[PDB]
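Just one chain follows, in the form deposited in one PDB entry, and it is written as structure tokens.
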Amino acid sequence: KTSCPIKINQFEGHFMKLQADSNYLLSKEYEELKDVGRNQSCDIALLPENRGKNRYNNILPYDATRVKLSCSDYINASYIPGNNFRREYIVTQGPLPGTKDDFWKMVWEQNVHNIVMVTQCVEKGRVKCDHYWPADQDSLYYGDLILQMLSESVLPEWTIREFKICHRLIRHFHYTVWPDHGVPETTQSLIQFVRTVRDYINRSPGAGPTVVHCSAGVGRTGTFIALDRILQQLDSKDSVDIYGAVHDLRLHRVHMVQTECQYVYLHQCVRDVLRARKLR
């Protein structure tokens, strides 16, 4: 119902059983998540005036968790509380040509110093996200705010950028190989990116919330943040609760972990971590 904790030394077998007879118990568990969070109004997101500010007409923040700019206060963005304090994350859609300034406004207002991006701008012949940051090193106005790229570090599977805004520094983690509605090519890769970001966060004293976005801000964003929470559980507890992590996310935004295969992927991530530790 709201959580499904599994003792780590039973996890291997529990995942086998979930996958038996064509993911029968796994699909059934995943489906139980369907309506979670949905008891809540999206009424502001639905105003006529805000329609142009939403990338997808089915992907709308809840009134109770939406980020407000300080209906001119509207951005398609939701706060996600953490286990210890509110607003661990701000989750958002890929900015649009007419919302890229609202995005940076939000970044500024909310004291964001870390952005994770788990989408590409163009995917399968469709625009998924505006290239909302500077394409080079010359400073650039986004409405009221000036952005300037100080460095761009291309790594095999993600690129790290640092920007000055005004005056503050922002780190931007762009994970470059995650197909929409699907999963990264290996568990290792996303486990390593997630651990990498978490390390930067944990050294970033007194940031705002961490921004995570993909295209709609639900599937890849949801899987990223679920994996974050689950990897931290594995370093803290002798039980792991994938279902409860995804459930927590849904309570705050529609569709987090947006397809079943992304759900299976989280279990395969756990399975792989626990296999390695087994004989260590």
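So that there is no doubt, residue numbering starts at 1 and follows the sequence shown. Rigid core: the largest C-alpha set superposing within 1.5 Å between the two forms.
Not pictured, yet referred to below: the form deposited in another entry.
* After fitting the core, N84 CA displacement of 2 Å or more between this form and the one not shown -> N84: C-alpha displaced by 2 Å or more between this form and the one not shown.
* To do: Superpose the two forms on their rigid core, then report whether the C-alpha of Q19 is displaced by 2 angstroms or more between this form and the one not shown.
  => Moves: yes, 2 Å or greater.
* To do: Once the core is aligned, please say if the CA of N50 is shifted by at least 2 angstroms between this form and the one not shown.
  => It does not, since the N50 C-alpha is displaced less than 2 Å between this form and the one not shown after the core fit.
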